[PDB]
Every structure is written in C-alpha cells, then in structure tokens.
Enquirer: 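Got a structure for you, questions after.
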Amino acid sequence: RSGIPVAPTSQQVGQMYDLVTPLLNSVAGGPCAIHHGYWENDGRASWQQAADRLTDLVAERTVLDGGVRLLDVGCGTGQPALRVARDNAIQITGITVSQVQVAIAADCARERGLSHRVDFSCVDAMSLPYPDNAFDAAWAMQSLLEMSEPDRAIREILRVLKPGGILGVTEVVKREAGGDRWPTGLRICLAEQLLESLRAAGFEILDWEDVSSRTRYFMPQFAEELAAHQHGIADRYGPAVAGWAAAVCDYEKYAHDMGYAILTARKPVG
Ligand SMILES: Nc1ncnc2c1ncn2[C@@H]1O[C@H](CSCC[C@H](N)C(=O)O)[C@@H](O)[C@H]1O
C-alpha cells in the first residue's frame, strides 16, 4: 500500500556532491563507485571491489544485448557506467545534478578511451529532456531516494523508456518494518515502499532481491577507510562535508537497521 515517504532541491543535492566529491575520491584512491558493495563471503574483498560486483549484478539484469541505449539516472562520477562500457558495445547517457561529477566523468571517459560509448550531462531526473520511448534500459543505483520528488523521477524514467524497457534500481533501505532521514541525510524508505512507488507509476516488477546480508560489510569498512582520511575534513572540505563524515563514522548507532534492495522493473510492452 504505502509508497516512498515524501527536502533538499536538486541544485542543493548537486552542490553537496560538488563539495564531497574530492573527499570521496581521496578515500577511494580516484573516481569511484558511490554505492554499497556486495560480498559473497564475510567481507573479505575491498569495498571498491564489492561495489564493482554490485555494478556487474545490475548490468546482468539490465543490459540484455549489444547496441542498446541506457540512461544512468544519477551517474555519480561515472565509474559504474565506464566499467560496463568497457566490455559492452552500448550507448550510456549518464545524468547527474553535480557539475563536478559531470566534469570528472567526462574526463575519465576521455582518459579511458570510452567517450564513443558513454557521455555525461547535468540533467535533473525529475525533468528529463529526452523524448518518450528513447531508452532500452535505465539504472538508478542509489539515486531515487536523493530526489525531492522520487515519484516524479520514476514517472519520467517510465516515459523515456521504450515499451519493454528495463529499469534496474538499487537502494539503501530500512531492512524491515520493525521498530525521516538516516543520520547520513538519506531518506528512510522500505524496499516494499520503493516497489509500490514503481508499480504505481506503471512499472511491472520483474524481481526484488533483498541482499542486505551481502551488503552489511559496507558501512563498517567504508567508515574505517574514511577515518584514515579524516584529519582536517571540516577545514579542508567545509563543515557540511564534516557533518556528513561524522555521521558515516557514527554508523554503529543506526546501520544495523539498514538493508539493501536490488529491483528490476520494466515498462509494459506495447
Ligand atoms: N534529481 C536528480 N537528478 C539526477 N541525478 C540526481 C538527482 N538527485 C541526485 N542525483 C544523483 O544521484 C547520485 C547518487 S550517488 C550514486 C551514483 C552512481 N549511480 C553510483 O552508483 O556510483 C549522484 O550522482 C547525484 O548527483
């Protein structure tokens, strides 16, 4: 029944990422995935490696052939798009509200020799410039819950997908109804609420996988990485970034209530 509970504007979100990007890159050792890792065992792989696994799982579910056009909704620094573009002859349109991320993503594309397959733009997902029925597939890897009006973005994605087009969504969720923003600033949402918003917009749900048991290593491991780079965060990156950093390192107060969802949905055929 209930959908995504519904905040910062898209410009404000872009600004926050403009500010925090250099810190994330520093922690990661370069432009990085900005999503949780997925582990096969008891947390052995680095979070970067585990994040690449998540990317690969999403690509498996969404890139069904060569020669398709894919919209990466909230593309971060473009690292996941470029990972997939290395080995898939497809066209990815990556959109983000952060001009810092656009610039980094486009440079990375150039450096890697992948700009024939991937391009990046500063575009608000709540208002897409694209015609109806433009894309074979889409990703929203931890982007929908950052939006002021996620339902609006979901309807736009449905609009610009072709009939039968596939959407893959990942998100940090409240694992279960037992026991509103997380201390990191992320909107609190159940996977069940995300599903209901997708359905309500007109998507067919193909699959939901609750993978909370595979991703639980992320917050502790990323916090430890962050803590190494924590000196002078407030003076070097600004107080907003310092507040966010403090929240991540405070993960023991809340992360046990978090889980993770991989959703596959499609625009009805026609
Ligand atoms: N309204 C909006 N329109 C487009 N992108 C948005 C948006 N609100 C937030 N985002 C983007 O969503 C991303 C969240 S971080 C996820 C990044 C990427 N999908 C990854 O997996 O690495 C950021 O790039 C942020 O700028």
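Order of listing sets the numbers, starting from 1, for every ligand and every atom in it. Numbers here are sequence positions counted from 1. Below, all heavy atoms of this structure are taken into account, side chains as well, without hydrogens, waters or symmetry copies.
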Enquirer: side-chain contact (heavy atoms from CB on, under 4.5 Å) for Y251 and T184? Distances and angles first, verdict last.
Expert: CA-CA 9 Å; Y251 72 92; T184 58; over 6 Å; no
Enquirer: Is atom CZ of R152 surrounded by more than 12 heavy atoms (other residues, nucleotides or ligands) closer than 6.0 Å?
Expert: no
Enquirer: Can you give each donor-acceptor pair under 3.5 Å made by side-chain atoms of residues 97-110, sequence neighbours left out, with the distance rounded to 0.1 Å?
Expert:
from : atom 1 : to   : atom 2 : distance (Å)
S98  : OG     : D18  : OD1    : 2.6
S98  : OG     : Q101 : N      : 3.2
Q101 : OE1    : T96  : OG1    : 2.8
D107 : OD1    : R110 : NH1    : 2.7
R110 : NH2    : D107 : O      : 3.4

Enquirer: Could you give all pairs that pass the salt bridge (charged side-chain N to carboxylate O under 4.0 Å, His left out) test and reach residues 133-143, with sequence neighbours left out?
Expert: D136-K162
Enquirer: Do any side-chain atoms of residues 27-45 form donor-acceptor pairs under 3.5 angstrom with protein atoms, and if so which ones, sequence neighbours left out?
Expert:
from : atom 1 : to   : atom 2 : distance (Å)
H35  : NE2    : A51  : O      : 2.9
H35  : NE2    : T55  : OG1    : 3.2
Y38  : OH     : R214 : NH1    : 3.4
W39  : NE1    : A45  : O      : 2.8
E40  : OE1    : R214 : NH1    : 2.9
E40  : OE2    : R53  : NE     : 3.0
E40  : OE2    : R53  : NH2    : 3.0
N41  : OD1    : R44  : N      : 3.4

Enquirer: Determine, step by step, whether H116 and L114 satisfy the side-chain contact (heavy atoms from CB on, under 4.5 Å) criterion, reporting the C-alpha distance in whole Å, the side-chain angles of both residues, the deciding distance to 0.1 Å, and the verdict.
Expert: CA-CA 5 Å; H116 57 290; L114 289 166; 4.3 Å; yes
Enquirer: For ligand 1, give me the residues whose heavy-atom distance to it is below 4.0 Å, by chain and number please.
Expert: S10, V13, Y17, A33, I34, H35, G74, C75, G76, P80, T96, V97, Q101, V123, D124, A125, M126, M141, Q142, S143, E146, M147
